[PDB]
Structure formats: structure tokens, C-alpha cells
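See structure below.
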Amino acid sequence: XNXXX
Amino acid sequence: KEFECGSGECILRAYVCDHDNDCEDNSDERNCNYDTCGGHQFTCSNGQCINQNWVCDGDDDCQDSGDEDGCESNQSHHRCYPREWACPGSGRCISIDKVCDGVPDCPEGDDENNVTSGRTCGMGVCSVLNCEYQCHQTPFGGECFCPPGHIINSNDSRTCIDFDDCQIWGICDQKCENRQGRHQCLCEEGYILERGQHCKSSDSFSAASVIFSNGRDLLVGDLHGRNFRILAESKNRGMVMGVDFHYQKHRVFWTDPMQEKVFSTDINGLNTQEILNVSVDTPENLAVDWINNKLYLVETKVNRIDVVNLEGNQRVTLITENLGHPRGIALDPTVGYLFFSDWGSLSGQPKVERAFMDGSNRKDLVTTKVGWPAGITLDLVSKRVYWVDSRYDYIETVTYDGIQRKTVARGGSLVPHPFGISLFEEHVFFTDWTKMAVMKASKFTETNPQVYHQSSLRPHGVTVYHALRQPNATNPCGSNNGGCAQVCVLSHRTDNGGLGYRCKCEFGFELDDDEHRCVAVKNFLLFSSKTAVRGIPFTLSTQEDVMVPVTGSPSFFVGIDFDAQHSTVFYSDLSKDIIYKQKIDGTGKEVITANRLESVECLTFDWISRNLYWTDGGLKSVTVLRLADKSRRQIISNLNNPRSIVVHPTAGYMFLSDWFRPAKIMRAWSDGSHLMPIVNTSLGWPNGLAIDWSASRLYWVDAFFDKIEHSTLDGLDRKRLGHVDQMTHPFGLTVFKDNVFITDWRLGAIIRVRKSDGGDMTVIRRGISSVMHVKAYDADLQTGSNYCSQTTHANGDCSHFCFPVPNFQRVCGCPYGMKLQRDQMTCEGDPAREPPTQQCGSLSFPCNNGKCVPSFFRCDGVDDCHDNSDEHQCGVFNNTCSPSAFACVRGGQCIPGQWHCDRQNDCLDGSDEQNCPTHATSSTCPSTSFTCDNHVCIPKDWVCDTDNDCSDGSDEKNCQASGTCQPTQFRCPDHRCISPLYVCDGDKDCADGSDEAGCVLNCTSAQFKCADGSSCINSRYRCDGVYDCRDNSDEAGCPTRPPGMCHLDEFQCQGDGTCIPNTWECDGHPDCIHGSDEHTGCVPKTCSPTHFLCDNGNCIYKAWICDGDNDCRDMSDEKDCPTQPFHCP
Amino acid sequence: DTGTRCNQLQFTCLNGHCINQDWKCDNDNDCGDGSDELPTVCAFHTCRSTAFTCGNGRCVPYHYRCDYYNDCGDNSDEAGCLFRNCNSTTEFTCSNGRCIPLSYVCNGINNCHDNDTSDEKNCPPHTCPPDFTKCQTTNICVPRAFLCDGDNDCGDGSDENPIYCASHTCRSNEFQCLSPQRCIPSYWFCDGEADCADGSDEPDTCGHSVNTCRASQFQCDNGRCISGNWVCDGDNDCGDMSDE
Ligand SMILES: *[C@@H]1O[C@H](CO)[C@@H](O[C@@H]2O[C@H](CO)[C@@H](O[C@@H]3O[C@H](CO)[C@@H](O)[C@H](O)[C@@H]3O)[C@H](O)[C@H]2NC(C)=O)[C@H](O)[C@H]1NC(C)=O
Ligand SMILES: *[C@@H]1O[C@H](CO)[C@@H](O)[C@H](O)[C@H]1NC(C)=O
Ligand SMILES: *[C@@H]1O[C@H](CO)[C@@H](O)[C@H](O)[C@H]1NC(C)=O
Ligand SMILES: *[C@@H]1O[C@H](CO)[C@@H](O)[C@H](O)[C@H]1NC(C)=O
Ligand SMILES: *[C@@H]1O[C@H](CO)[C@@H](O)[C@H](O)[C@H]1NC(C)=O
Ligand SMILES: *[C@@H]1O[C@H](CO)[C@@H](O)[C@H](O)[C@H]1NC(C)=O
Ligand SMILES: *[C@H]1O[C@H](CO)[C@H](O)[C@H](O)[C@H]1NC(C)=O
Ligand SMILES: *[C@H]1O[C@H](CO)[C@H](O)[C@H](O)[C@H]1NC(C)=O
Ligand SMILES: *[C@H]1O[C@H](CO)[C@H](O)[C@H](O)[C@H]1NC(C)=O
Ligand SMILES: *[C@H]1O[C@H](CO)[C@H](O)[C@H](O)[C@H]1NC(C)=O
Ligand SMILES: *[C@H]1O[C@H](CO)[C@H](O)[C@H](O)[C@H]1NC(C)=O
Ligand SMILES: *[C@H]1O[C@H](CO)[C@H](O)[C@H](O)[C@H]1NC(C)=O
Ligand SMILES: *[C@H]1O[C@H](CO)[C@H](O)[C@H](O)[C@H]1NC(C)=O
Ligand SMILES: [Ca+2]
Ligand SMILES: [Ca+2]
Ligand SMILES: [Ca+2]
Ligand SMILES: [Ca+2]
Ligand SMILES: [Ca+2]
Ligand SMILES: [Ca+2]
Ligand SMILES: [Ca+2]
Ligand SMILES: [Ca+2]
Ligand SMILES: [Ca+2]
Ligand SMILES: [Ca+2]
Ligand SMILES: [Ca+2]
Ligand SMILES: [Ca+2]
Ligand SMILES: [Ca+2]
Ligand SMILES: [Ca+2]
Ligand SMILES: [Ca+2]
Ligand SMILES: [Ca+2]
Ligand SMILES: [Ca+2]
Ligand SMILES: [Ca+2]
């Protein structure tokens, strides 16, 4: 996914 | 014209006195004009200057091969020295008087009697050999030896030809000569010769002392270990790691990585100053330049080597390229060299490097059989370097050119895990994490270490405090600062055209065109990662940073932007949930905001009107804040997954990207009104945004299609850039001049491509961990004017906020709880519509800083608010400490529970370590494991591996070199016993690679094997677009798109020939350019009467329509029905 | 009511013309009668966000702030402005804060545009010709086309002031347009171009008929008028080749 965390 | 050699050949002039024949006569060498050669050159036996990198390259560049001279160590040890004999079995050179002495001194017993191969100590042949000096019996026959100055001749085993014994290793301390009476040792000035062979320091220079880190506090002791005095004790749970001294200033320096500080005292123990505390978050080792009064430091959170004055000012970075894991450092200011070692670069190769004392001409000094070089020291009169290793477990020495490599100690029994090292006279003092002590050893050849001082904690760097350790020399920068504007750093004595120094500039500036002048830096690349926010120049050759890196003890930096008018940068940290401002030079860290932040994913600066915009992924909004006063208001409120924002101050527009499933890029006035989409067709995960100021064109990138696009500010004229190889998941993007610098996640690297097409992908950085963002700092771009910043006017005449608007106009606004006055210019209290509310609600202690933390975190010993407010004045009769913390019996102080009874006093009254239940019950570790002394449980295969696993050393005691091991272990040749998990892993864990030699690459049925058999890679990396194999066999044979068509499961857009996934076909959203994917051949979905579905959101219960929660993600369930319950509760 | 309706973005005046809403209550008589500036309307109106708000409530574009031209009325567009230094050895400090080189003082036009005309306290060598009329003590020497013309060109000078227009609706040698007020000489009356917006200088019948013109001017078929020497001279004077 494109999740920063 | 060519030179007429005596042979008649026309010879080019470039070879005239090149120390080569060039023809028969050698007339070109008749008269010579060479110089002393440069610092970056090696001198052959003939006087030839050749490049330094050609030394020990494997090719005999100099005649007689003077440039190699045994670069390798642990050779077969043939032609042993006179008065020494070679053991036939092991090849060990041993003393002649030890042959047949009754001691099987060699490991194979080659110097003793045995009957199994007919080599008893019986005398057979010396009676007829009749050596001219002395014939002695050996198990393999009679042999002859000769007095000093001769070597036994193997031609007849009778005679001995003259030989210079002065060349042998360890014959005399310091230099020696053969001028008269054969060999004759001599001692350098200041030293006095003793015993005939030994050079001792004159008593005119005071007694010597040795300062070493105990592991918690710095010590000092005599050269024999009689009385040890604690010079300095580390407070606040610190630990002294590196030590160095400046004799003339009577100063002792040390670094404290657990406090992230460095210090300095006198040897008396008084006058302590905290030198550095910014960006020094893990200083490993240290070195002073006693000639230029400078301090060289090693940092390993962001790997760099710095130089700073003894008072801690004018810090400048010297080496930052490819370090990886620098650990050791040493200096020779008299010559001008800087030596350092790292146990692994960004590339795979560990090495020990040499460079001028300002960086410049780096050279790999030792590259073979290196392991983990953990510490370096220099013999300043013999001109040799000494370093240790923690994996191959040896102590070696090479000359300044790395020529003569000689071991002084080797073996897992003698030097199991050295860290630090320093020498004096005939001794070398090295530390040890496994034997847990400072060790004293001879500098020439050592077979048994002596415990100088045994600690109970891991020791660290050692230095010998003495005058001769820092010989005098002239200081080239000694007057006029060498003409340098800011900071004068010594180079090699021959560099800079014989001046011996090169000028640098502090982090806020850079050198002028004519040198000697430091002018402010105009532009540089600014990027952010989870460990640090850094600034690097665009020119790839100047790889050194141009701003002190921003680091924290917890840190995850995501969004960054600058402020050129004050040389200030802004950056968000995702772990503090705080936004900071900081100058380029590292001074002035102040929080911009810490209230109500969940995950700020980007920042930008409207520099003309002084506004800061940020986007919050947890609140799902974008907020704007002014810097003249802390005005703030959420201008956009109900996004879904917003990401990078950008603001065009002159045009009045702002642009932000939402990457939810109907992904789009929106445009709005800088006010926050007129929010409309401009690009929402064929977009997947629009991570990055930028504006091309030279042409007012907006640039963005995708992570689903891995593409880069650019359009005008209206969304018109949409064009795609070319295919960029190995671009899989770009996040950040910026535009400068004619290049596009893009951050990527799969690579974890920063790549540069041309602005006008796909361009040549040239990598700027690599292996920079979880790199997030990038901005193009430029002191020009941040300039201009509009009605919000105009002379004769105050911030556009608006009280509080003023916002630029398209077509050169200003629109005023102002913060939460304040509406706009009748005149549309000023503001008035608005308590009815936007009532004031507290800093944060109940069940949360409101810190003095903006942030707030749960009340459980108040008075618990850990600094949670990041300003110490939650720990302020604890322990009083009401402000009790939390049960998760240990309260000191008196005084109103209290500490984290994990510090209670941990063998380190913290409570001021000392109740922290009292009455502890020290004894452990009748319990054991599982039978297959091993029980340490302090009851730590470790697998038995870790015992005697020369790595301290118990942290006590109980798993490495009684580790004799008797050759035995455990049945399951794998034994290296005379090095150590490895656990079977570390054999056949692709990395040489033995001193010779014998744990990896000849093993099969058995990929475990879920890994792809590279075609050349170099390695196996995980199957996920197979054909994903990134070359994971050295032969590029990973990305070979991959399925590809048929020409012009799409894949088997990708719908094709009839408008332009692009491909969108099948699950996007007839999904209700027109992905394609003309909506071809929403053709009439499909029917819209419906929902049950107890539920309701919005324009594109999933269906949801009818019960939460108009409820105030974005159930549809499309806000249509609320915009269709305000229905405000305008009545009292 | 005349049987027409304006577009939705135009304010409709009492006289029936349609003007853009941005000109409403802007201290400017846009409708031609002051209907758009009545206190009846301006008391229930707020300036658009992008525009200034003068103290009296009228609206001006923001670029009228500190513009050296008082157009808010109350000098509110100039109030509080921190103007730059004026170099006395080079420029003359006008009464409004403007400063320009002194070669423009007494030059012939009130360059400073200040309300006291401190720039144009005229000090010329006098003796301006009758055509370049001296606009009284505010000595603007200007062509006579800018007088008896309803719109300001001399400040408080001669200009359109009825001092001379009271004689013969203009000077003795010149005619007047009668709508809007504007004065042209004899050689510009029936000269082939409609100087008067109503066409009174080129009437339906120049002379006593369509092309009667004058006792000393030729009669062109299209109705123009040319002098006696202009007939058959080889160039276009009647416009329709009546002379040629
Ligand atoms: C490097 O240069 C410095 C220059 O100061 C040398 O220090 C000086 O050395 C001289 C001679 O050893 C010292 O003189 C003696 O000092 C003792 C102790 O005070 C005194 O009792 C004797 O009567 C005599 O004066 C001098 O004090 C000392 N000065 C300073 C500032 O330290 C240093 O010896 C040189 N070191 C090397 C390795 O070349
Ligand atoms: C030993 O023999 C070799 C070959 O005959 C000769 O080159 C060398 O000089 C001899 N050395 C001595 C010291 O006898
Ligand atoms: C850091 O060092 C400076 C100068 O010695 C000192 O004033 C300051 O209190 C220290 N603390 C920080 C983190 O700024
Ligand atoms: C290698 O992997 C195979 C499975 O592919 C396994 O059965 C075998 O035991 C492993 N060992 C060798 C060297 O064959
Ligand atoms: C006024 O203008 C002239 C232009 O040459 C300049 O030299 C002078 O310095 C100016 N006066 C002052 C005091 O700045
Ligand atoms: C002209 O300006 C001055 C100074 O503000 C003022 O006293 C005077 O009344 C003004 N006259 C007119 C006609 O505006
Ligand atoms: C070496 O030293 C000599 C003597 O000082 C000259 O300075 C020479 O130029 C030096 N070598 C180089 C390469 O600069
Ligand atoms: C004592 O006061 C502190 C104040 O932070 C906490 O509320 C703590 O929980 C209190 N003690 C107990 C036993 O609840
Ligand atoms: C000790 O405990 C371990 C498990 O932690 C094993 O049960 C082991 O057999 C025990 N041995 C003894 C002697 O008690
Ligand atoms: C090594 O030798 C010793 C002494 O004979 C013991 O036999 C020990 O068990 C041996 N272990 C291995 C693995 O060879
Ligand atoms: C995909 O393209 C490659 C060339 O890039 C080859 O033409 C390959 O045969 C193609 N694959 C299919 C399935 O057509
Ligand atoms: C919704 O209605 C359509 C026809 O309009 C179909 O019957 C469909 O199966 C229905 N689905 C639900 C969930 O009600
Ligand atoms: C005042 O007028 C402007 C321009 O028409 C806007 O309508 C504005 O919303 C008005 N202000 C108020 C308070 O209604
Ligand atoms: Ca030569
Ligand atoms: Ca070589
Ligand atoms: Ca022996
Ligand atoms: Ca991708
Ligand atoms: Ca706390
Ligand atoms: Ca403790
Ligand atoms: Ca171990
Ligand atoms: Ca080891
Ligand atoms: Ca291995
Ligand atoms: Ca791959
Ligand atoms: Ca679709
Ligand atoms: Ca709802
Ligand atoms: Ca008007
Ligand atoms: Ca104005
Ligand atoms: Ca004038
Ligand atoms: Ca006029
Ligand atoms: Ca006319
Ligand atoms: Ca004519």
C-alpha cells in the first residue's frame, strides 16, 4: 500500500 | 620535437626522466628534474613518483616491485630470519634455540621428537656438515647458523653470506642502520636508548599516563596499573565511548553516545565544557589536530567525519561519501594524513582508508582480509598504522603506504574482540569487549595478552597521555588563518601548491570562485528520510552536505520546506507529531506547532505572505498557519487520503493530491475556496507534486502506473514523460533547472531525469533508508511580490490572514473562532458559531508545549511531551507518580520502572539500587541451551565463538586454542568455532572464507536463482522492474504487453491506448480519457432498502445518513441533508 | 420599462442602462446619473472580497491604494501609506506625497494631481496663443477641443466651465454638440466625421437639406461638405467621388 507508516 | 636517443630513435619528450629506459642508452635519465612527489603519489626505489592507487594493486609498477613488498600477510613464512627456523609442517618461523628443546612449540610438533614419521630429536649429520659458526641438531637433520650480519646459505648449508639483520621485524624500536659494526639501533630525538635495543622517552617530558573508557566513566592510570583515578564520571546515564587528548592545552576530550554529547576537561578533572550537542547523535571515535588545534569527529547516525575547533564552533563536514559504518580515526598532522576505517561501506566492501587531513585524495589502504576494522592508531616515528578487527580477530600494522603488512597478534584466544588501540614506546594498548579489559601488548610480535585493567563493562577507546605522542611541528594556518575567510583546515604538506592547507566554509556558506572567500549558498538539494533531514549540492562531485543534518532520538521526518529569507527550514516529524523550524547552521530549533497533528504528510511555504500549509492524514484535512502570529484554520476539511501539497504564491493557486480509489488532483485558491478537480482520469496514487517555475507547469508522479506527467495549472495539455527504468514506487518529486529529482521507495534512492523527456536516469544517492521527500532549495525562487506583501502596506491591509487569489488580487481571512468584519478586511469575535475549546480534552494531560499526552504518562520518568512538562515536579503528596514508575523514597523524584534494580544508581537518594532481590531462584535455562554466570540463556552453539553473547563474558572464558570445539560447530583454521548457522551464507565468517568455500546455492523452492548462480532472491522481487541480481537475470524472460495491446487482464482505453485494470472497468468512474471504461454495456449497482449508496461510495446503512460521518467518502449523505437539530439537549 | 432586461451580472440603472456589478457603489457615476451610487443602495451593500473598502463604504479595486490619486473620496486609499523618501535635490515633494523631477513643475499640466495643484502654481513665460487657451490661474495651455465639453481637463481652469459656454453655448466661433456637452470649431463642423456622439456635428441635413451644407461648401451625394477649391482636385474630399 501507499502508507507512509 | 622528439628527443634523439643514442640508438637513433625519435623519442617523445614525456618520458624524459620518467625513471624508465625508453631506449638502450638511458640518456633521458642522465639529468633529472623531478620534485619530492605529491602527497597523492608513491615513491619507488628509483625515486619515481607513481599514483598512490597503484600501490598494492597487484602489478609491479616500480622496478624491483618496490610498490608491493608483501601486501599480503600470514604468508607461507619461507626464508625465515637468521637465528630462526622454519617448521616444515606448519610453516611457522620459530627461534632456533627452541628446536629439540623438549617443547613441541610448533602446533604440529615439528620442533620436537616423534616416531610416527621418523623425526625424533637425534643428531645425525652435523659432524660432517661442520658449520663455520655452530651446527645444531633438528628432527629433520643437521643445520647451520651464523653470527649476526649473515644469512645461512641454503646453497650448501655450510656457508653464510652477509645480510642486513636490521630489516627483520622487531629488531629494534624505532629506526636502525647498518652503517658501521653491522646493525646499530638508534632512537629519535627526545627518546633515549636503553638496554641497547629499547628506546625510552626522556624523563624531561614528565611521566606518561593512559586514559581509557571504563565503559561508564573515563579513567586514568599509570603505565603499570597500580593506581586508577576516575577523571570524569558520566552523568544522566551516559557512557564514555571515545577519548582523545591535547597535551599542550592540558585537555582531555570524550564522546557520550547515550547522551548524544561530547565533552572536554583538564586532566585535573576540573573545567568541564559541553562542546557539541546538535546533530551528534552517535559519536563513535575522536581525534585532535594538535598542530591546528582542531577536533575531528566521527558520527554514525548519518555517516560522516567532521572537524570542529576545540571550543566547538565553525563545524564543517569533510568526508560523507560511501562511509557506511566508520568506526576508527587517527591523525598525523606532521605529515598531513588522515586515517580512518569502516567495517562496511554503502557498497559491500569493508576497508581501511587513507586521505589528506581535509578529505580530498581518499585511497583504500588495506582491502584484503579486512573484516571489521574497529580502531586505528599511528606510530609517529616509525610511520606505521595499527588497526584491529573484531571478526577476523587480529591486530595488524602497515606503513603509511600500506606496503608491509605484518600481524602482531592473531587468534580467537588472544584478541577475541578488540575495539580501541593506542601505542607508546614498545607497547600497544588495545581494548576488548570479550575479555572485558584493557590489554597491554608488544608492538612487534605478541603471543600472550596481559590484563592491564579488567572492567565489569565493555571498555572503549584508549589513548596514552604523553608529550611524545604529539610531536611538535609548524602550523601552516598559524597566521592570517592562512588567508581563509572562515576556517583553515590543514591538507597534506605538499598539497595546495606547497602551502599545505585548504580553505573551507561553514555550513551556511560556500567557497568563492577566487577561493579564500565564503559567500552564502544559493541552492542545494534538500531531502528527508526516517533518520535525518539533509541538504546536498546539485553538483554530484561535491558530495558533501551543505547543512547540518537534522536528527532526533525518535524520528520519522516526512514533510519539509524551507524559508530562504532567514536561512530557515521547516520539517515535520511523524513520531513527535510536531513541526519544527531550524536554520541551515543548526541553531534555533523552535516548534512551529504541536497541537492537533495526527500525520502531517507534507509542508509548503507561501513565502510572500508568510503562510505554512500542511496536510493531515488522520484528520483528513489541510491546515494553513501564519508565522507572524500563530493563526491557523482548516481551509479544506473532508479529504480522504491527501498527500503532497504545493502553493503558487504569485498565481494564487494551491494544488494537492488525494490517492483514494477515485484518485484526483485538486486546485483551489490560496484561501481554500473554489476547490475543484483538475486531473482525475487515469491516475493511481499521485504521491508527488511540483511546479516548474520557469514555465508555470505542474508536475506529478504516480505509483500505480509508475509514470511522470506534467500539465498546466488548469489541467490542460497533459503530457507523459518517458519510461524511467527501475522506477517502481516514486513518492517525492521536485523540479530544478532542466532536471527532475525524484525520490523512490523500492530503490530507496534519489534519481535524476531530464525535464523535457524521460532522460538519462542518473542516480544521485542510494541506500538512504526510508527516504520520503525532496525539495529544491533555491534562494532566488523564493522571491517576488504581490498585494499581500507590498510597500506602503501592512500584509495586504488584512488583519491576520491575507491570501493571494488568481488574477493578481488579495482575499483576507482569519483564524478559527473569528469571522470577517462588515468591511471584509478585519475580524471580530465569533463565539456563537466557532466557540473556543481547550488545548485537548479530558483523559489527557495538556503539556505546556502544544502537544498533550494521556494522563497515564504524567510523572512516569519518560519525557513524553518533548519539553519535560509531564515530568515537572513529581512526587509531591498529590502529584504522585504513575504505577509504571519507581518512586524514590524521598525528595519528590521518580524514574521509569525498568531502571529499578538495574545495577546503575539513578535515584538521588540511592534508593534505586537498594534491597534488591539479587538472588535467582532454583531455575535453569532449557537443557539444550547454556547458562551464563548472570543466568542469561543462549544457544550452546554461541559458546566460544569470540563474540560476547552473555554480555558478561562467561560464554567465552576458558576458550583455549587446544583445537577442540563442540560437535555441531564449524571450526575455522586457528581462528574460532562458528555456529553451523553461519556456514554457507554468502559471507566469509572465518579469516579465510573457509566457511563459504565450495557450498551449493540451494534456493529453498520459494526463491528465484540468478542465472549465474551468484545468489538467490525472494520470489516477490522476480520481474517487478528492479534488477535484484548481479547478472540482471531477475528481469529477463518476464511477461510483457503485446505490441500496442494490453495484458490479459487490463482493459484498454480506446481514447489513447492506455491500460487500466479490469476491476476498474464499469466501476462507475470514468477512468479513461473519454470514459470508454464506462460504456453502456454495463448496469449500475443497487442496494437494499435498509441501506443507501452514494455516487461512487459503497452502500451504507440508511440509519447514518446525515449523521456527520463521511460514511460514503463522497459527503453526499450529508450535503443532501443538513437537518441541524437546532434545539437544546 | 422599455421591453428589455439586462444580463444577471449587470446592475440595472434607473435610466435603463446595464453596468457591471463591480462598478456599483464605487464612488463613480457609471450609470450617467448617480443612480448606482445612491445611499439607498450603498447602505445595503458590502464590497467584494478582492476589493478595498473605503471608510465611507464605497468599494475600490485594491490597486487604487497608495496610488497618488485619491479616489476613495475620504482619502482612505491614501491614508496610512508609508511612502518612500523624496530626493529634494532631484524631485519635488508634491502635496500628496508624490515626487517627480522639477523640470515638470509649471510645465503645463498638474503632474502631481494633488487637490491644491501645488505642482501647477504656474510660473510660465505666459503669452499662450488663443487656441492654446490659458486655463485661468491654473495656466493649462490646452487645445480648445477640451472646453465646454462636460469632462475635466484643466482642473479648476477654463475647461468646460460655463464662463465661456454662456455666450453662444460655446465660444463665438465654435459650435456645441448638445449631447453630450462638447465643442468643436467651424472646420470640424460637418467635416465628415462625427465628433459629437449624437451626430449633431454631422446632422441629418447639413444645411437646409441632406447635402445643402453651407453657402461656401460643395454638395456631395452622400451628404458630405467640401470647400470650393476641393472640387475636382484629384483627391477624395466628398468621400463618394461626388467631387471627382
Ligand atoms: C613541543 O614544544 C613545546 C613548546 O612549549 C615544548 O614544551 C616546552 O618544553 C620545554 C623543554 O622540555 C619545557 O622547559 C622545561 O619545563 C619544565 C617544566 O615547567 C621546567 O621545570 C624546566 O626547567 C624547563 O623549563 C617547557 O616548560 C615546555 N613549555 C610548555 C609550554 O609546555 C615541548 O616539550 C615540545 N615537545 C616535543 C615532544 O617536542
Ligand atoms: C647460490 O646459488 C645461486 C645459483 O647458482 C647463485 O645465483 C647465488 O649467487 C648463490 N648464492 C650464494 C650466497 O652462494
Ligand atoms: C547545547 O550546547 C549549548 C552551548 O554549549 C548550550 O547553551 C545548550 O544549553 C545545550 N543544549 C541544547 C540542546 O541546545
Ligand atoms: C537442497 O534443496 C532440496 C529441495 O529442493 C532439498 O531436498 C535438499 O535436501 C537440499 N540439499 C541438497 C544440497 O540437495
Ligand atoms: C538624489 O539623486 C541623485 C541622482 O544622481 C543622487 O546622486 C543623490 O545621491 C540623491 N540624493 C540622495 C541624498 O540620495
Ligand atoms: C485639499 O486637501 C487639503 C489637505 O487635506 C484639505 O484641507 C482641503 O480641504 C482639500 N480640499 C478639497 C477641495 O478637497
Ligand atoms: C615536495 O617538496 C619540495 C620541497 O619543498 C617541493 O615543494 C615540491 O614541489 C614538493 N612536491 C610537490 C608535488 O609539490
Ligand atoms: C497520584 O497522582 C498522579 C497525578 O498524575 C496520578 O493521578 C496517580 O494515579 C495518583 N495515584 C494513584 C494511586 O492513583
Ligand atoms: C531447569 O529449567 C529448564 C527450563 O528453563 C529445564 O527444565 C531444565 O531441565 C531444568 N534443569 C534443572 C537442573 O532444574
Ligand atoms: C575436542 O577434543 C577434546 C579433547 O579430546 C574433546 O574430545 C572434545 O569433545 C572434542 N570436540 C570436538 C567437537 O572435536
Ligand atoms: C512482450 O514484449 C517483449 C518485448 O519487449 C516480447 O515481444 C514478448 O514476446 C512480448 N510478450 C508477449 C506475451 O507477447
Ligand atoms: C438492486 O436493484 C437491481 C435492479 O434495479 C437488482 O435487482 C439488484 O440485484 C438489486 N440489488 C440490491 C442489493 O438491492
Ligand atoms: C456583501 O456583499 C458581497 C458582494 O455581493 C457578498 O455578497 C458578501 O457575502 C456580502 N456580505 C454579507 C455579510 O452578506
Ligand atoms: Ca626515461
Ligand atoms: Ca602494484
Ligand atoms: Ca623444540
Ligand atoms: Ca509500482
Ligand atoms: Ca511522562
Ligand atoms: Ca537504576
Ligand atoms: Ca559467544
Ligand atoms: Ca571476534
Ligand atoms: Ca558465513
Ligand atoms: Ca526485480
Ligand atoms: Ca472505471
Ligand atoms: Ca452520513
Ligand atoms: Ca459607480
Ligand atoms: Ca487611490
Ligand atoms: Ca506640472
Ligand atoms: Ca473640459
Ligand atoms: Ca465633425
Ligand atoms: Ca476633390
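A short reminder: the numbers here are calculations on the coordinates, not readings from a lab. Cβ atoms come from the backbone with ideal geometry, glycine included; neighbour counts cover every protein chain shown.
A few remarks follow.
- Rel. contact order, % - alpha carbon contacts under 8 angstrom, at least six apart, the range B:257-317: 23
- Rounded, prolate or oblate (a/c below 1.5 giving rounded, otherwise prolate when a/b exceeds b/c) for the range B:844-913 by Cα gyration tensor: prolate
- Computed from phi, the 3J(HN,Hα) profile of the range B:265-274 under the Karplus parametrisation 6.51, -1.76, 1.60 (θ = phi - 60°) reads 9, 8, 5, 5, x, 10, 6, 8, 10, 8 Hz, with x in place of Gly and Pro.
- Long-range amide H partners of B:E84 with built H, under 5 Å: B:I96
- What separates the Cα centres of the range C:1-78 and the range B:969-1031 is a distance of 82 Å.
- For chain C, built as a Gaussian network whose Cα springs stay under 10 Å, the top-fluctuating residue of C:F146, C:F44, C:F11: C:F44
- Amide H to amide H distances under 5 Å link B:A232 with B:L218, where only residues 5 or more positions off or on other chains count and H is placed in the peptide plane.
- Taking a ≥ b ≥ c as the square roots of the eigenvalues of the Cα gyration tensor, an a/c ratio below 1.5 marks the range B:209-473 as rounded.
- Per principal axis, descending, Cα span of chain B in whole Å: 123, 92, 68
- Separation of the alpha carbons by more than 27 angstrom is noted, of B:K664/B:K1119; B:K351/B:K443; B:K620/B:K719, for B:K620/B:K719.
- Loop-resident trypsin sites (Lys or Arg not before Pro) (DSSP state other than H, G, I, E or B) in the range B:807-838 with no more than 12 further Cβ atoms inside 10 Å of their Cβ: B:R822, B:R833.
- The residues packed around C:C112, meaning those with a beta-carbon under 11 Å from its beta-carbon, carry a net charge of -3 if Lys and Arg are +1 and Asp and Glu are -1.
- In the range C:204-244, the alpha-carbon atoms span a convex hull of 44 Å³ per residue.
- Straight-distance candidates among the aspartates and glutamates for linking to B:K988, with alpha-carbon spacing under 12 Å and chain neighbours fewer than 8 residues away dropped: B:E996.
- Burial ordering of B:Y133, B:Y15, fewest other beta-carbon atoms within 10 Å first: B:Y133, B:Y15
- Backbone HN-Hα couplings from phi across the range B:470-486 [Karplus 6.51/-1.76/1.60, Hz, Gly and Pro as x]: 9, x, 6, 6, 6, 10, x, 7, x, 9, 6, 6, x, x, 5, 5, 10
- Cα-based shape type of chain C, given that a ≥ b ≥ c are square roots of the gyration tensor eigenvalues and the cut on a/c is 1.5: oblate
- Summed side-chain charge close to B:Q52 - residues other than B:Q52 whose Cβ falls under 12 Å, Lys, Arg +1, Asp, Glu -1: -3
- Of B:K301/B:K530; B:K522/B:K630; B:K530/B:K707, pairs whose Cα-Cα distance is over 22 Å: B:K522/B:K630; B:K530/B:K707
- GNM flexibility winner over chain C from C:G150, C:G108, C:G80 (Cα, springs under 10 Å): C:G80
- Mean-position separation - Cα centroids, the range B:332-364 and the range C:141-184, in angstrom: 92
- Along the range B:1092-1099 the Karplus relation, 6.51 cos²θ - 1.76 cosθ + 1.60 evaluated at θ = phi - 60°, assigns HN-Hα couplings of 8, 10, 8, 4, 9, x, 5, 5 Hz to successive residues, with x for each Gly and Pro.
- Relative contact order, whole percent, for chain B stands at 5, derived from Cα pairs under 8 Å and 6 or more residues apart.
- Legend: mean number of C-beta atoms from other chains within 10 angstrom of residue C-beta atoms, peptide C:46-53, equals 6.
- Sum of -39500 (n - 2.57) over DSSP H runs of 4+, divided by residues of chain C (222 nm, nearest 500): -1000 deg cm²/dmol
- Around the amide H of B:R667, modelled in the peptide plane, lie the amide H atoms of B:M676, B:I678, all under 5 Å away and 5 or more residues distant in sequence or on another chain.
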